[PDB]
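*Asks:* pasting the first chains of the complex, positions unchanged:
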Amino acid sequence: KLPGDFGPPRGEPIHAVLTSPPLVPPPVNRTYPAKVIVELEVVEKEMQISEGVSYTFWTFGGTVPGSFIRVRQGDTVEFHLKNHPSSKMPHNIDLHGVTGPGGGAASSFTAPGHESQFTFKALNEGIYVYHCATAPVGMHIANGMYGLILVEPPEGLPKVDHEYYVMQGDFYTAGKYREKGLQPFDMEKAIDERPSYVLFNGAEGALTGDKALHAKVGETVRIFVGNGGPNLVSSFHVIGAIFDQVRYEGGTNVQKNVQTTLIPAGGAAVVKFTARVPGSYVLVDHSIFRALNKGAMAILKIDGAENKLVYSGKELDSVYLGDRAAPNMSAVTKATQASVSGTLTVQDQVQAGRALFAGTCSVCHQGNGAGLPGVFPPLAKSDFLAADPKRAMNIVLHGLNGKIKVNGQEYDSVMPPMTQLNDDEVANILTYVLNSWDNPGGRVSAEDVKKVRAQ
Amino acid sequence: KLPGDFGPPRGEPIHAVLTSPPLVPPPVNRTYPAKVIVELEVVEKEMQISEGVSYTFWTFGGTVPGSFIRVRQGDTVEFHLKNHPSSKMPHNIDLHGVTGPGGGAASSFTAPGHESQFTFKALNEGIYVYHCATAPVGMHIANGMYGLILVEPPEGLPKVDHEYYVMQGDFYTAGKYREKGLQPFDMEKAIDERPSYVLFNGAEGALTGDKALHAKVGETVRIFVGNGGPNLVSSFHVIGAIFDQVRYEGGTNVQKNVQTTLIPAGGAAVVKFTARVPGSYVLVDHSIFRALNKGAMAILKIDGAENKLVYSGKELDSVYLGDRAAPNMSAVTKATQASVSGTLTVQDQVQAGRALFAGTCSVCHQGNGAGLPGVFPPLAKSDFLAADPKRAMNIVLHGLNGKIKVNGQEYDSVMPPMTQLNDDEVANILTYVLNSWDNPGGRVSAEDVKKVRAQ
C-alpha cells in the first residue's frame, strides 16, 4: 500500500491560498482528502539585496523565498506554473516530497508568457523545499528560485501562537559585499561555493529591525526553516534561546532541546520555540562570518515582562547586532540613489554614515564618539581627526597602531584595518563623524577614498 | 564483555567474495561466526574521470570505490593487502569499524610488489568506509583509495529486491572541469577544499544513462552509500522520491521518511527506497553546483506502469539531467582521441557537439534548434549564425544581449556567458550546429576558440 492512502478526493476543489514570507497560510483544518489547485507565477525582477545594491532575482510569486504552499497528506494537487511575459528565461519546478521523476520538473517547463500544469498526490507528510530545475539549475536557484511546501499530517500540526517562514540562501554577486549598483550573478564564485551574501528571505535586513518577527512572553512559535542553498549547509542556531523541537522534512525522528542544528543544502526543518523572557533572539548560520559579515541574521523579538530570576541582563544592541540593531538603514539607500542622480548632499552622507557607524565604529569609539579615556580615543571634537582628514581615510582602510596623542591624552593600542568597507561607506562614515560632535564639518567623497586605497 | 561476543570461529575458513561497484556481495546467510579471509590488491592506473579526461587513480581492486567487503558481526577477519608490482607508491589500509590503532594501518604497510596481513575481530555491526592511510593520506584518498565494508548484524539485514553500492568523492585536477588530457592531482586545490570534480563511483556518468541502476515498480532497493571525501560533506538527496530509512554506520538511530541527509566526510549510510512510479530518480549532492556542474549525479531508473493518481507527469530529460540524459557521451571520448592522433574529422566534431548540446544549449534553443518565436532565436537555418561564425564563438564564451534580428524576427533578451566551456567543447558544439539544420557547414577548431577567448 502507498502512504497517504486516505481515499479519493472529496468535498469541493480547493484553490490554495499562498502566502508571502515570512507569513504562513492557516492550518488546513480538514478531515478529508481534497483536490487542491495551486497557481504560482514566476516573476523576474530587480530588487535590493542590500541597501543601494540591486540584483536581478528570479522568483516564485514575486518574493525570495517563493510563496508558501500548504496542503494535507493524501491530497491530490493540481499544480499550475505560469511564467510572466516579462521573463527572459524558461522556468520549471521540482517540489521535494513529490513522488515522480524530477519532482514535477519534466512536466512544468514553462517559457515566458506560457503556463504548464501537472498533478501529483501528496503521499509524504513533512516540510519540503521546492525550487527551479531549469538548466543551469544552480544559476536559477542562486537567483532566488526556491520556497517551501508543507504537507500536513492528517490530524494537523499541534496548535501554536505564531507560525513563520524563514529560508536561508547563498548569493553570488560579481561585486564584493555591499558594493553598490546592479550586481550581476557571478558563476565563478558560485562554482567555487564562495558567496558574497548569505541571507534569510532574500535581502540583508529582511527580518531585522522594523521587519523582525514578533511574539510575547509565554507564547509558542513554530518556524518553517528552509535552506535553498544552492551550496551552503547552515549551522542553524538561535542566540539566547533553545529549540523545543527540531524535525527535518517528514522524518519520524524529532530532536528536542537543542540550540544548534545542521540544515543540508536543499533541506528544511520545523522548529518550535517557547518565549520565556523579553528581548531579541537572533536566528543565524553559526558559521559565523556568514551571520555577522555576509547578512545571515534574522530576529524574533519578544515583548513582555522581564524575569530577573531567569535573566538579569539587557536587550541586545549594536555590539552584537551591529548596524542591524536600528529599525532600518534607509539612509544608505537614499544616499546611494542620490549619488547615482548626481545630487548627493552633505546631509545625505551624514545620515548614511550615522547608520553605518553603529557597531562598525561605535563598539570602540562609542555611539557618542567619546571613546574611553586612555583606552579608545575620542572621535568627538577630535583634534587628531581634524588635523588630517586624509590620514583618517588611511586609518579606516589600513588600521592604526603605535603611540598617538588625541585631545591631550596618549593612546598606545591597535585599530584593526577595515579595507572590506567600500569607498562610499568609508566616505559616508567619515562625513558623519566630521559633521558630528563639534568636528569641523566638510565631507569625504568616495573618489577621495578610492585614491587613498590605490596609494 | 566486548560486543560481537559470539564465540570462537567455527565451520570452515571462508574466502570472501568481493564485488566491484555498483554491485554488492550476497547476504552472508550464516548463523555462526567464521574466519573470513579477505584478499585485496592495490592497482595504480589511468582511467577516464570524464570523457577525454584521464587521471592516474590509485585503487583497491581496480575500481573507485574499491571492492565491497561483506562480513558478519563476530567474525574474525584475516586481511591480506597486496600492492601490484606496477605501483610506484606504498599503500596501506584503515578500515572503519576495526577495533585497533589506525584501523589496520600500521600492520598493512605494503611496498610495490609486496603483501601484508593482519587479523581483526568485527565487533561492530554497520556500514563503514575503508581507505588508504599512507602519508600524505589526503593525496591517497583523493586519488581514489576508498571503499565500503559491511559488517552484518547476526540475523542479517531484512531482505530487499536489490542492493547497490554508491560512493561520493571529491577530486582535484590541475586543469579545470572537462579540460582534456591526462590531469595531474592538484595539492593546492585539495588543501583549499576546492574540487574540480565531485563524483559518484569515480567518473562522470559512472551511474547515468546506460550505466544507471535499475529496479521495477513495487520493488525495494537498499543502497550502501559512502562518502570517501577527502574533504566534502554530502547533502545527499534523491530527486523525486524519499528514503524509507537512513541509518549511519552502525548507529542505533534510524531516521525514516527523509529526502535529504548529510553524510560526513569519511562517513557511510544505508538507505532504503521503495519504487512507486516509473522514471529516473537522481541521487545528488544537493550542494547543487556539485551535482549539476561538477559530476555528482547518479540514476536509479524504475521500469513499470504509470500511476496517474500519484503522478501525471513525464520522465526526465536534458532540461534537468543535461548532457547525461542520453545513454552515454562516447562521441566526446572519440573526438578527443582523434585530436590527440591528429585525425579529427568534421563528423568527429559534429557527433561530440551533438552530445554536448543537450541541456547546455537545447534548454533554450531546443533539441531541433528551432528556439521559440520571438523568445529564443533559432539556431536552425540561422542567418545570424551563418553571417559571422567568429561572432558565434564570442556569443558562446561571453554571452549576448540587446536587440538582434534572426530569420526576420527581433529578439531582445539575454544569453548568459558560458566561459566555463573549454575551447574544444565550444568548437565541437558550434561545428555540430553548423552541420545541422541546413546551416552552411564547415568547422570551428579549438584553436579558433582559443584566439577569441584571448582577445
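*Replies:* Noted; the coordinates are in hand. Numbering: from 1, shown residues only, chains lettered A, B, ... in the order given.

*Asks:* center of chain A - which residue?
*Replies:* By CA atoms, centre = their mean, the mean C-alpha position of chain A lies nearest to residue A:200, the distance being 2.6 Å.

*Asks:* wait, that residue sits on residue A:294?
*Replies:* No: shown here, residue A:200 and residue A:294 do not form a contact pair, counting by CB atoms under 8 Å, at 11.2 Å. For every residue, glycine as well, the C-beta is placed using N, CA and C.

*Asks:* where do the strands sit along the stretch 1-150 of chain A?
*Replies:* A:14-15, A:35-50, A:53-60, A:69-72, A:76-83, A:94-95, A:115-121, A:126-131, A:146-152 (DSSP state E, counting those that start in this stretch).

*Asks:* thinking again about what came up before, ok, now how distant is the residue nearest to the centre of chain A from residue A:171?
*Replies:* 12 Å (CB to CB, to the nearest Å).

*Asks:* now residue A:419
*Replies:* For residue A:419, the distance to residue A:171 - CB to CB - is 22 Å.

*Asks:* can you check residue A:58 too?
*Replies:* 12 Å.

*Asks:* neighbour-wise, which of those two wins?
*Replies:* Taking other CB atoms under 10 Å in any protein chain shown, residue A:58 and residue A:171 do not tie; residue A:171 has more neighbours (28 against 24).

*Asks:* beta partners for that one?
*Replies:* Beta-bridge partners of residue A:171, counted by DSSP bridges, are residue A:197.

*Asks:* okay, now residue A:401: neighbour count?
*Replies:* 11.

*Asks:* wait, a strand at it?
*Replies:* Yes: assignment of residue A:401 by DSSP: H, G, I helix; E, B strand; the rest coil places it within a strand.

*Asks:* looking at this, residue A:323 is in a strand?
*Replies:* No: Residue A:323 is assigned helix when assessed by three-state DSSP, not a strand.

*Asks:* can you pull the contacts of it?
*Replies:* Neighbouring residues of residue A:323 by CB atoms under 8 Å, 6 or more residues apart in numbering or on different chains: A:329, A:355-360.

*Asks:* possible to save these as TSV with neighbour count?
*Replies:* Shown next, in TSV, are the contacts of residue A:323 (neighbours: other CB atoms under 10 Å in any protein chain shown):
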residue	neighbour count
A:329	23
A:355	22
A:356	24
A:357	22
A:358	20
A:359	19
A:360	18
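
*Asks:* for whichever residue of the stretch 301-450 of chain A sits closest to chain B, what are its contacts?
*Replies:* Closest residue of the stretch 301-450 of chain A to chain B, CB to the nearest CB: residue A:420 (20.6 Å). If you count contacts by CB under 8 Å, 6+ apart, residue A:420 has them with A:176-177, A:293.

*Asks:* here's chain C, drop it onto the model above:
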Amino acid sequence: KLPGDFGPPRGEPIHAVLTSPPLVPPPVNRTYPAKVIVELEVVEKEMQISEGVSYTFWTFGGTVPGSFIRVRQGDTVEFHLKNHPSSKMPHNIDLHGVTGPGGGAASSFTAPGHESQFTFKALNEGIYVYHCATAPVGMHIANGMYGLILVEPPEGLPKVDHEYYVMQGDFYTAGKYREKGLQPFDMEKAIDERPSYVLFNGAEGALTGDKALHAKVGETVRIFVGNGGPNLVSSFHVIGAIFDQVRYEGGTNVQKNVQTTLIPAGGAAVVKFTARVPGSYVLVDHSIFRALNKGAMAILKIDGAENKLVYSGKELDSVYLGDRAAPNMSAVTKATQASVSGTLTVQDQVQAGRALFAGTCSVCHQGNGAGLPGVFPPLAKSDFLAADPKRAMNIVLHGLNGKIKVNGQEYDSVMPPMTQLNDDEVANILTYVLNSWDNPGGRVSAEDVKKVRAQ
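*Replies:* Next up, chain C placed on what we already have:
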C-alpha cells in the same frame, strides 16, 4: 512552567572551580540548586600556534579553548567577566544555554581593566559553547575566544573513569601553514572560510605525543567536544575505535555506536569511549586535509594488554601520524628561535630536520634513509644527493621523475613535489639528511631554498 524548576537556590553560594583544557572540573555531586559564582578573566597574549609560529590569541582564562565551567540544571549563576588591563580590545560573552538576549552579551561588555557581571538561571541541561560576542565577532572567535559550559542534569552524568575537554577551531593567519614568525589574523581568509590551521585546543600538537590524553584498557572515557568555529563543521571521528554514545548539546536524542559525526560550527557534543585494546586512537576532522595537513588531530593513548583475538596488529607510527608520532617537535621551536637570534648552528638545523623528516620523507625513504632497493632510492650514503645539493633542493620543492641511478641501482618512479614546505623546513630537512648516514655534511640555508624556489 519553566524547565529547571527546582526551587530557589539553597545551601551556601558556591565559587565555581574552573579548569584548563584538557581537564574538566569534578562532577557537581549535589542534590539541591545553588547560587554559583563564576569568575572568568580575558587575557590577550602571544602563544605558539605551531612550532616557531606565534599568534596573538584572545582567551578566556589564558587558554584556547577557555576555562571549562561546570554547573547543575536549576542553578542561579552569577557570572563575572574581567578584562585584563593589558588588553587592547573590549570583550564580552555569549553562553549558549542561557535564556536571554545575546546569551549574556549585552550585559557583559567589558573594556580593558574593567569587570562586568550578570545573573542567569541554568534552565537547560546540556553541553554548550560559550564565546565572545564583540564586533567583529568572527575576529574575536577566530582569535580563540570560545570554550564550554556543562549544565548537568539534576542526578548527574553516569560515572566514567576519565573526563576530557577537546575543542576544534579554524584559524586564519596571513602567512601559510608552518610559515614562521608572529602571524597576524587574516580577515580575507576568514571571510572566505579558508583557514590556514584547523586545531584542537589552540595549537598543533596540543594533544599529541607527550600531551596525549590517557586511559587504560577496560576504562571508560567521556569527552566534552566543542567546535568553536568560527566557520568549519567537523566530520568528527575517532580512528580505530567507535563512540558508544554521542549526544549533542542538551538534546533528548542519543546516538549510539557511531565512529563519524558532524558537529556544527558553534556546536558541542558529549561522546563516550570504552577502551578495548592498547594503542593510539586519533580524534580528527575527517575532512581529512584538515586533520593531516592543517593540524586537526588529537590522541587518546590506551595502555594495557594486547588482545590478539580482537586486533593482531601494531601501534601507530609516523606513516599515519606523520611528524606527530614523536613526543614533541621542540627542536623546530629551538631552530626558529636561533634563526631570529642569528645563532643558528648546523646541529640546530639537524635536530629540527630530524623532527620534520618523520612521515614527510620517511614514509618512502625510511627512518634510516635506506629506501627499498630498486623501489625507493636511499638517502643514506647517497651518491646522487652528494653530487649536487642544489638539485636536491629542487627535488624537494618540485619533485622528481624519470630514470635515475643512485648508489649503482636504477630507479624509475615518481617523487611528488612538496612546495608547501617552507624554505626553513626544506633547509633543515636537507641539513639533517646531509649530516646523517655518512653523507658529506655541510648545510642548506633557508635563503638557499628561497633562491631555488624563485628560479
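
*Asks:* mind redoing the neighbour count of residue A:401 now chain C's in there?
*Replies:* Residue A:401: 12 neighbours (other CB under 10 Å).

*Asks:* then the one 3 residues further on?
*Replies:* For residue A:404, the tally of surrounding residues (other CB under 10 Å) stands at 15.

*Asks:* for it, which non-adjacent residue is spatially closest?
*Replies:* residue A:411 (5.3 Å; CB to CB, 6 or more residues apart in numbering or on different chains).

*Asks:* try residue A:74
*Replies:* Nearest one to residue A:74, counting by CB to CB, 6+ apart, is residue A:6 at 3.6 Å.

*Asks:* burial of that neighbour, as a residue count?
*Replies:* 16.

*Asks:* what's near enough to touch it?
*Replies:* A:32-33, A:73-74, A:154.

*Asks:* if we can go back for a sec, what sits closest to the residue nearest to the centre of chain A if chain neighbours are left out?
*Replies:* Looking at residue A:200 with CB to CB, 6+ apart, the closest residue is residue A:298, at 4.3 Å.

*Asks:* secondary structure element for the one you found?
*Replies:* Assigned by DSSP states H and E, residue A:298 falls within strand A:297-303.

*Asks:* and if you look at residue A:164?
*Replies:* Assigned by DSSP H and E, residue A:164 falls in strand A:162-171.

*Asks:* elements contacting the helix or strand that that strand is followed by?
*Replies:* On the C-terminal side of strand A:162-171, the closest following helix or strand by DSSP H and E is strand A:181-183. Applying 3 or more CB pairs under 8 Å, 6 or more residues apart in numbering or on different chains; DSSP states H and E, one finds that strand A:181-183 contacts strand A:53-60.

*Asks:* pull the residues that contact the strand it packs on.
*Replies:* Contacts with strand A:53-60, where a contact means CB under 8 Å, 6+ apart, come from A:40-49, A:64, A:66-67, A:89, A:91, A:93, A:130, A:132, A:140, A:143-147, A:171, A:173, A:175, A:178-185, A:202.

*Asks:* from the chain's centre, how far out does it sit?
*Replies:* 13 Å (CA atoms, centre = their mean, to the nearest Å).

*Asks:* burial measure for residue A:31, as a count.
*Replies:* There are 12 residues near residue A:31, going by other CB under 10 Å.

*Asks:* and it, what is it in contact with?
*Replies:* By CB under 8 Å, 6+ apart, the residues touching residue A:31 are residue A:154.

*Asks:* same deal with residue A:91?
*Replies:* A:42, A:58, A:81, A:83, A:110, A:132, A:134, A:140, A:145.
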